[PDB]
């Protein structure tokens, strides 16, 4: 379907059915969004909430996190798994304190330079917390776009990844970008799921190719072997 229709239908859906009450969505700041994104990378929302609250209480600012001993950070992380995320989290806090005066950077290049932060995550931090014009491409987004536009091939290959980044940019609006990006993650997480996606609850059901062809299993493509 047309790019302008994609954006409008997703935004209208978010307004009435989207999640807007999570802790990291109230009184948003780059620090809070960054922290939530790292915790959410490999952990479900229900498990993350208590940890997010404990971290914000112990570390009100990024400088407080930077000055704390690494052992205390790892102790508070216990139970979230994938500790490389925590080690990079502490190094990034120290980089913000050292190079940016304790104020989380608000430009793409500076954010993407932080340990543990990639292209998609940097775009998420800045679009969600400040409304800057950047698209995202996590597992959730790849699933929705690949199915709606029938993008076959394994995203692990450069040519396929490039096509998906181009599509995301095409459908991502400037006006309301913070609402649109959160909505796309919401959809891929609860509606357009890995298995048995719930088409009847999706705002893209009237134009999605996978839904029309009953071929959601083909997108995104899997690693060939």
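Numbering follows the first chain given and starts at 1.
Exercise for the section: May I ask you to compare 61 to 69 and 194 to 202 by their mean CA B factor in the entry and name the higher one? Expected result: So the stretch with the higher mean C-alpha B-factor is 194 to 202.
Handout entry: Greater mean Cα temperature factor according to the PDB record, 85 to 93 or 102 to 110
Key = Per the PDB entry, the higher value belongs to 102 to 110.
Problem - 171, 177, 189, 33, ranked by C-alpha B-factor: the highest one - result: Reading the PDB entry, the winner on C-alpha B-factor is 189.
Practice task
Grab the CA temperature factor for residue 13 from the record and place it in the lowest, middle or highest third of its chain.
Solution key: Lowest third - that is where residue 13 ends up once the chain's C-alpha B-factors are sorted.
Exercise for the section: Divide the modelled residues of the chain into thirds by Cα B-factor and specify which third, lowest, middle or highest, holds residue 120. Expected result: Answer is middle: the recorded C-alpha B-factor places it there.
Problem - Modelled-residue ranking by C-alpha temperature factor, third containing residue 47 - result: As the PDB entry reports it, the C-alpha B-factor of residue 47 lands in the middle third of its chain.
Handout entry: Where the record places residue 41 (Cα B-factor, split into thirds across the chain)
Key = It falls in the top third of the chain.
Practice task
Check where residue 183 lands among this chain's C-alpha B-factors and tell me if it's the lowest, middle or highest third.
Solution key: Within its chain, residue 183 is a lowest-third residue by C-alpha B-factor, going by the deposited values.
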